[PDB]
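Going left to right, the sequence shown walks through residues 8 to 122 as my numbering numbers them. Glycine included, every Cβ here is placed at the ideal spot set by N, Cα and C. Following: one structure in structure tokens, then a few remarks.
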Amino acid sequence: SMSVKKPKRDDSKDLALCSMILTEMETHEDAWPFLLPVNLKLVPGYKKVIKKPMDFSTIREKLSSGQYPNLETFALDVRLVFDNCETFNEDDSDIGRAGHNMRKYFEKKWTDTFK
């Protein structure tokens, strides 16, 4: 509350560490469905169904231009990529499986880096 603060967690490395995580996600072999925005002209249904499209390139640009106020807003966009993927793709599809694998991969790196 006013004049009463928890001890200051060092957040000065967060930008760099989120960048490294994002690099590792970008270079994973199963990243291919997620590297670029879904083409809303060429994929029937996507525009109407997925209210908040997100992809790794868009996260990378937001990261690089100071549009994440903290590491939680960064994790929310990453998870949005996988939540969207589950909304639109069957679990038993190459893309559906990619999304589960990438989410697992991300969540481990997240825990190991920050928790």
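**Request:** Identify the continuous alpha helix (DSSP H) that holds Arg104 and give its terminal residues.
**Result:** One-based indexing of the sequence shown puts residue 104 at position 97. First-last of the alpha helix (DSSP H) with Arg104: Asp101 to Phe121.
**Item:** Cβ neighbour criterion (16 or more within 10 Å) applied to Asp84
**Value:** Here residue 84 is taken as the residue at index 77 of the sequence shown, counted from 1. Burial call: buried.
**Item:** Limits of the unbroken alpha helix (DSSP H) element including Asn91
**Value:** The residue given as residue 91 occupies position 84 in the sequence shown. Its alpha helix (DSSP H) spans residues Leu78 to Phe95.
**Request:** Kindly list the residues whose CB is nearer than 7 Å to the CB of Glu93, restricted to its own chain and excluding five residues on each side of it in sequence; keep chain order.
**Result:** As a first step, residue 93 is located in the sequence shown; it is residue number 86 there, counting from the start. The residues are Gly106.
**Message:** Which residue wins for smallest C-alpha separation from residue 5, given the options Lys12, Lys15, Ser8 and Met27?
**Reply:** Any answer about residue 5 is impossible in this case: the structure gives the chain only from 8 up to 122.
**Item:** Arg16, DSSP secondary structure in three states
**Value:** Residue numbering aside, residue 16 sits at position 9 when the sequence shown is read from its first letter. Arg16: coil per DSSP, three-state reduction.
**Prompt:** In this structure, does DSSP put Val11 in helix, strand or coil?
**Reply:** For the purposes of this step, residue 11 is identified with residue 4 of the sequence shown, where counting begins at 1. Residue state for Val11 is assigned as coil, using DSSP reduced to three classes.
**Proximity of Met61 and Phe113 at Cβ, strictly below 9 Å** = Indexing the sequence shown from 1 puts residue 61 at position 54. Indexing the sequence shown from 1 puts residue 113 at position 106. Not in contact: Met61 and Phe113 (Cβ atoms no closer than 9 Å).
**Message:** Whole angstroms are fine: how far does the CA of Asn77 sit from the CA of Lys12?
**Reply:** If you number the sequence shown from 1, residue 12 lands on position 5. If you number the sequence shown from 1, residue 77 lands on position 70. So the alpha carbons of these two residues sit roughly 18 Å apart.
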